[PDB]
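The chain contents come next:
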Protein chains: 4
Amino acid sequence: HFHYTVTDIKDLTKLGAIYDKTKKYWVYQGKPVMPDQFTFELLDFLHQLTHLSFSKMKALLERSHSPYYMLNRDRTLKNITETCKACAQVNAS
Amino acid sequence: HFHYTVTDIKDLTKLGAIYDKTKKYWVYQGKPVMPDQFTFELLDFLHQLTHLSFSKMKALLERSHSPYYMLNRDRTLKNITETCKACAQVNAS
Amino acid sequence: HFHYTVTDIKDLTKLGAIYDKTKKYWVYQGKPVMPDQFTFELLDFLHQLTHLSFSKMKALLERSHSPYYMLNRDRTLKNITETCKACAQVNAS
Amino acid sequence: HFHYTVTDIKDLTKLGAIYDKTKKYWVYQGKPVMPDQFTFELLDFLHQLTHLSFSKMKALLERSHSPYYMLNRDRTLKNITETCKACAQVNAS
Ligand SMILES: [Zn+2]
Ligand SMILES: [Zn+2]
Ligand SMILES: [Zn+2]
Ligand SMILES: [Zn+2]
């Protein structure tokens, strides 16, 4: 199941998400919430296999029928794509 | 070695390339010329592995230290990227 | 939404899946079922972006937390990888 | 241009490579030798774009007709593939 940090729980309380004891996770906009770290590890993994830019990954994810709300998705995605060495090497050309 | 079609040979003579009997290929600007068909099969293979845009593949090839002159490169490259189903599916976003 | 063929419905009835008239799709193992053709074009898209082998795509999908049941996934997946030209070119070496 | 370390020069002499003072680089099997570190950063870049296994990258490079001889290619290549996070994540499933 999901593991929420103090910072996650903090972000979630700010969003106004609610913890669901029955289903063993937090819920927001009607979806189970993906923790910040889980989201990072997932998006980082997906970028390594495709090296799609920020705009392409974002737009694809919104069409994905994802059952999850990804905490700090955009911020995490922007950080992943802008610090990718291989992509930096590509546009260096 | 390379296999040149009548149309390749046509393009090459117009370019002023020369056949090198010792090396079994045509030479131009100090570089062996890659036939139109070999160029297509190579660039298409490389795109399938990366799905880099026209601009990205072009800029990279210019930095590649490739020992070969690629016959009809841009034309072949633009066609490959503009007819890619996967890239079209990506940009559908 | 999903379009189910005669062949989908026969496979689904054979599985013992059940149709949800209210929610306008078939359900199996607690999941809405993705038709055979929709599954193919999706899995085909994912291979073009990664060119992962049969075994690797299978294992990854089983870990995917997919909200959909993919009809004839394994059979379709094998068809995709074994007819992929780019991968055929890769192992040709 | 190329920078050769003492370790490169040592490895090269063992290979029976030859230094060309006039063109100020080493030559081996009729090809200019790319230093160990340049070879690493190039091969690492290519793996990030493809994540091909050791055996496939190797077989492909042998068919590539690269204009450079890559110092310690196989050893460097195996190191690249066995320390890749994305590939490690893939078989983890
Ligand atoms: Zn990248
Ligand atoms: Zn493409
Ligand atoms: Zn493939
Ligand atoms: Zn890898």
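Per the deposited record, the coordinates in this entry were obtained by X-ray crystallography to a resolution of 2.152 Å.

Per the PDB entry, chain A goes by the name Integrase p46 and belongs to Moloney murine leukemia virus.

Student: It is not clear to me how the coordination of the zinc ion (ligand 1) should be interpreted in this structure. Could you clarify?
Tutor: Angles at a metal have ideal values that depend on geometry: 109.5 degrees with four tetrahedral donors, 90 or 180 degrees with six octahedral donors. Residue and element names in this part refer to chain A. Bound to the zinc ion (ligand 1) on the protein side are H47 (NE2), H51 (ND1), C84 (SG) and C87 (SG), at distances that span 2.0 to 2.3 Å. For the zinc ion (ligand 1), the 4 donor atoms are set out with angles of 102 to 119° between them, so the coordination reads as tetrahedral. Considered as a linear motif, the donors of the zinc ion (ligand 1) on their single chain read H-x3-H-x32-C-x2-C. Residue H51 is located in the loop between α2 (36–50) and α3 (54–62), and its partner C87 is located in helix α5 (residues 85–91); the two are separated by 36 residues in the primary sequence.

Student: I keep staring at the interface of chain D and chain A and nothing clicks. Help me out?
Tutor: Reports often express the size of an interface as the amount of accessible area lost when the parts come together. At the junction of the two partners, chain D supplies 8 residues and chain A supplies 9 residues. Between chain D and chain A, roughly 740 Å² of surface is buried when both sides are summed, and carbon and sulfur atoms account for 62% of that area. The three residues of chain D that bury the most area against chain A are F45(D), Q48(D) and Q89(D), which together make up 47% of that side's buried surface. For the pair chain D and chain A, the number of links is 1 salt bridge. Close ionic contact of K85(D) with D44(A) constitutes a salt bridge, the shortest N to O distance being 3.1 Å. Our count for the contact surface shared by chain D and chain A stands at 3 residue pairs in polar contact.

Student: I keep staring at the relation of the copies chain D and chain A and nothing clicks. Help me out?
Tutor: One chain copy maps onto the other through a rotation about an axis and a shift parallel to that axis. Rotating chain D by 180° and translating it 0.7 Å along the rotation axis places it on chain A, where the RMSD comes to 0.7 Å. Taken together, the rotation angle and the small translation identify this as a two-fold axis. Ranked by how close their C-alpha atoms come to the rotation axis, the residues of chain D are headed by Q48(D), at 3.5 Å. An overlap of 88% is found between the interface residues of chain D and their copies at the interface of chain A, pointing to a shared contact surface.

Student: Just to check I follow, could you spell out the interface of chain C and chain B for this structure?
Tutor: The interface of chain C with chain B comprises 8 residues on the first partner and 9 residues on the second. A combined buried area of about 760 Å² lies between chain C and chain B, and 63% of that area is made up of carbon and sulfur atoms. On the chain C side of the contact with chain B, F45(C), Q48(C) and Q89(C) bury the most area, a combined 48% of that side's loss. Our enumeration of links across chain C and chain B arrives at 0 salt bridges.

Student: What is the right way to read the coordination of the zinc ion (ligand 4) from this model?
Tutor: All names here are of chain D. The zinc ion (ligand 4) binds to the protein through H47 (NE2), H51 (ND1), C84 (SG) and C87 (SG), with metal-donor distances spanning 2.0 to 2.3 Å. Written as a sequence motif, the donor residues of the zinc ion (ligand 4) are H-x3-H-x32-C-x2-C. Using a relative accessible area of 15% as the deciding quantity, one classes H51 as buried.

Student: How do you make sense of the sheet that holds strand β4 (residues 69–70) of chain D when you look at a structure like this?
Tutor: Sheet strands pair via backbone hydrogen bonds, and the direction of the pair is either parallel or antiparallel. Residues and elements named next belong to chain D. The 4 strands are arranged β1-β2-β3-β4 in an open sheet whose pairing can be described as mixed. Taken across any chain shown, the strands that pair with only one partner, and hence form the sheet edges, are β1 (18–20) and β4. Contacts from helix α1 (residues 6–15) reach β2 (25–28), β3 (31–34) and β4 within the one sheet, and its direction differs from that of β2 by about 25°. Contacting β3 and β4, helix α2 (residues 36–50) runs over the sheet at an angle of about 80° to β3.

Student: What am I meant to see in the relation of the copies chain C and chain B here?
Tutor: For the pair chain C and chain B, the superposition axis carries a translation of 0.4 Å, the fit reaches an RMSD of 0.7 Å, and the rotation angle comes to 178°. Here 88% of the contact residues of chain C are again contact residues in chain B; the copies associate through an equivalent surface.

Student: Please explain the packing of α3(A) against helix α4 (residues 73–82) of chain A as it appears in this structure.
Tutor: Angle between the axes and distance between the axes are the two parameters that describe a pair of packed helices. All names here are of chain A. Two elements in contact, α3 and α4, have axes separated by 9 Å at closest approach and are oriented at 145°. Where α3 crosses over α4, the two elements pack in a sense that is right-handed. Across the interface between the two elements, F54, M57, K58, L61 and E62 from α3 touch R73, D74, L77, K78 and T81 from α4. Classifying every residue of the contact of α3 with α4 by side-chain character gives 4 nonpolar, 1 polar and 5 charged.

What counts, and at which threshold
Note on numbering: residues are counted from 1 along each chain in the order of its written sequence, which can differ from the entry, and residues with no coordinates are hidden. Chains and ligands are labelled by the order in which they are written, letters from A for the one and numbers from 1 for the other. Water and hydrogen atoms play no part in the side-chain values, which are based on all heavy atoms of the structure. Shown as donors are all N, O and S atoms within 2.8 Å of a metal ion, widened to 3.2 Å for Na, K and Ca; because water is not in the atom set, sites may appear incomplete. Here a site with four donors is tetrahedral if all angles are between 85 and 135 degrees, and a site with four or six donors is square planar or octahedral if opposite donors are over 155 degrees apart and the other angles are between 65 and 115; anything else gets the irregular label. A run of H or I in DSSP counts as a helix once it spans at least four residues, and a run of E counts as a strand once it spans at least two, with each numbered from the N terminus. Here, residues are in contact when the closest pair of their heavy atoms is within 4.5 Å. Buried area adds together the accessible area that both of two parts lose upon being put together, with accessible area traced by a 1.4 Å probe. Whenever a carboxyl oxygen of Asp or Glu lies within 4 Å of a side-chain nitrogen of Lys or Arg, that contact is scored as a salt bridge. Two N or O atoms form a polar contact when they lie within 3.5 Å of each other; inside protein one atom must be a possible hydrogen donor and the other a possible acceptor, and for residues adjacent in sequence the pair counts only when both atoms belong to side chains. The copies line up through least-squares superposition based on their C-alpha atoms. Using a 1.4 Å probe on the protein chains alone, a residue whose accessible area is under 20% of its type maximum counts as buried, one over 50% counts as exposed, and one in between counts as partly exposed. Strands are treated as partners if at least two bridges between them are detected by DSSP. Axes, fitted as lines to C-alpha atoms, cover a helix only where it is in contact. Angles between the N-to-C directions of the axes lie from 0 to 180 degrees. It is the rotation of the near helix from the far one that decides the hand of a crossing: anticlockwise by less than a right angle makes it left-handed, clockwise makes it right-handed. Three categories are distinguished: nonpolar for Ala, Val, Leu, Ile, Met, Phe, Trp, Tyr, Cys and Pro, charged for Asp, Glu, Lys and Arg, and polar for the others, with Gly belonging to the last.

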